[PDB]
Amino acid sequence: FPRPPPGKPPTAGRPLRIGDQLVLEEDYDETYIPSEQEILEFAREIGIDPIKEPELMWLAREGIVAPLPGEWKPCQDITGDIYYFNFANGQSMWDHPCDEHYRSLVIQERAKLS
């Protein structure tokens, strides 16, 4: 019963189809590695300035491929939008459910290094 969050987004291996929705499953045969450009963009999305705070970049590298906790799964709507569904309680969101946690880790680590 996965459904995307209301409104529009804010800009094995095989997927499993439930209704018109696609539940994207991880493929254990390979390991996808995102590009450095994506890691920099994700770094800026969680509050890192990569030019001024390169010492925080390791948190963006860890956070960008963070496994989804619990029974969270990535899903794709009929429009192609990616969202995340919590199959334990039916909660839906556009963001990766660990992004907020890594935003806080960036804040704590920034102070730890003055």
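For every residue, the number given is its place in the sequence shown, counted from 1.
Of the two segments examined, 69 to 77 and 85 to 93, it is 85 to 93 that shows the higher average Cα temperature factor in the deposited entry. As listed in the deposited structure, the average C-alpha B-factor of 26 to 34 and of 40 to 48 is greater for 26 to 34. Residue-level temperature factors show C98 in the middle third of its chain, judged at the C-alpha atom. Ranked by Cα temperature factor within the chain, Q21 sits in the middle third according to the deposited record.
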